[PDB]
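# A structural model of the following input is requested.
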Amino acid sequence: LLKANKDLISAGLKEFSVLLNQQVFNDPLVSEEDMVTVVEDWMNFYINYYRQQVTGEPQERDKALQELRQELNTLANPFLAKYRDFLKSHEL
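Residues are numbered from 1 along each chain as shown. There you are, the coordinates:
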């Protein structure tokens, strides 16, 4: 209904964007179980946090909820992939 909504989304967006790019895997470092668990938890906080951090008609929330979930679903796709590759690489 107002920029307020778009601001909340953009805030999560910029949050995940800046946080995602802030991930610099040096060497074999942590296992995928830690990263994966961190990824899952984060998405879960967003879903529950955003589900309750909206205003206006129920249609607005539902759209944002799906659009966000879709954003993360794709956004995270290249992260876990590049990560799995990074881990499988330094094996031998």
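# and residue 88, what element?
Per DSSP states H and E: residue 88 is located in helix 58-89.
# Can you name every helix or strand that that helix contacts?
Other helices and strands packing on helix 58-89, by 3 or more Cβ pairs under 8 Å, 6 or more residues apart in numbering; DSSP states H and E, are helix 3-21, helix 32-51. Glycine gets a C-beta too; all of them are placed from N, C-alpha and C.
# Next, format those as CSV and append mean neighbour count.
As requested, these are exported to CSV (neighbours: other Cβ atoms under 10 Å):
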stretch, mean neighbour count
helix 3-21, 13
helix 32-51, 13
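# Setting aside sequence neighbours, what's the nearest residue to residue 71?
residue 13 (6.9 Å; Cβ to Cβ, 6 or more residues apart in numbering).
# ok, and the closest non-adjacent residue to the residue nearest to the spatial centre of the chain?
Residue closest to the mean C-alpha point of the chain, counted by Cα atoms, centre = their mean, is residue 72 at 4.5 Å. In space, residue 72 comes closest to residue 43 once its chain neighbours are excluded; the distance is 5.4 Å by Cβ to Cβ, 6+ apart.
# Double-check that neighbour against residue 71; I have them as touching.
No. Here residue 43 does not reach residue 71: they are 10.5 Å apart, not a contact under Cβ atoms under 8 Å.
# ok now the helix holding residue 88, how far from the chain's centre?
6 Å (Cα atoms, centre = their mean, to the nearest Å).
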